[PDB]
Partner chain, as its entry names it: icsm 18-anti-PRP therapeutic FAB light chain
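Encoded as structure tokens, the following chain is the form solved without the partner chain, with no partner shown.
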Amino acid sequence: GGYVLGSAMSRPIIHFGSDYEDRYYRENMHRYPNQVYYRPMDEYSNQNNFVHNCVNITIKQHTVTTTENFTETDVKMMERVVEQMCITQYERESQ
């Protein structure tokens, strides 16, 4: 439960097999978050535990905070960029 908001970060490029989605992500990635919520304490915790929690709390926060925006495509792309940033954030933490 002891989580913080991490610093803004470069959005990673996510790849898709479908040409449409692959290009859609590139053209729309500015619409997604560029920071994530995690637990500093998820330290030396294993990566999967940290990322599991970071993804859950981060997506939850964006649901609430977002008081015609997103479609099914955007939701899943947002989830993937959030996961990658959580992994990056865990590397930041490791030592």
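Numbering follows the first chain given and starts at 1.
Counting the unmodelled positions of the deposited sequence between residue 67 and residue 68 gives a small gap of 1 to 3 residues. Relative to its counterpart among 20 to 28 and 70 to 78, 70 to 78 has the higher mean temperature factor, C-alpha atoms as listed in the PDB entry.
Annotation for 79 to 87 versus 9 to 17: the higher mean temperature factor (C-alpha) is found in 9 to 17. Among all modelled residues in this chain, the alpha-carbon of residue 63 has a temperature factor (C-alpha) in the highest third.
Ranked by C-alpha B-factor against the other modelled residues of its chain, residue 45 falls in the highest third.
Below: the form solved in complex with the partner chain, not depicted.
Of all the residues from 12 to 28, those having a non-hydrogen atom no more than 4.5 Å from the partner chain in the deposited bound form are 17, 18, 19, 20, 22, 23, 26, 27.
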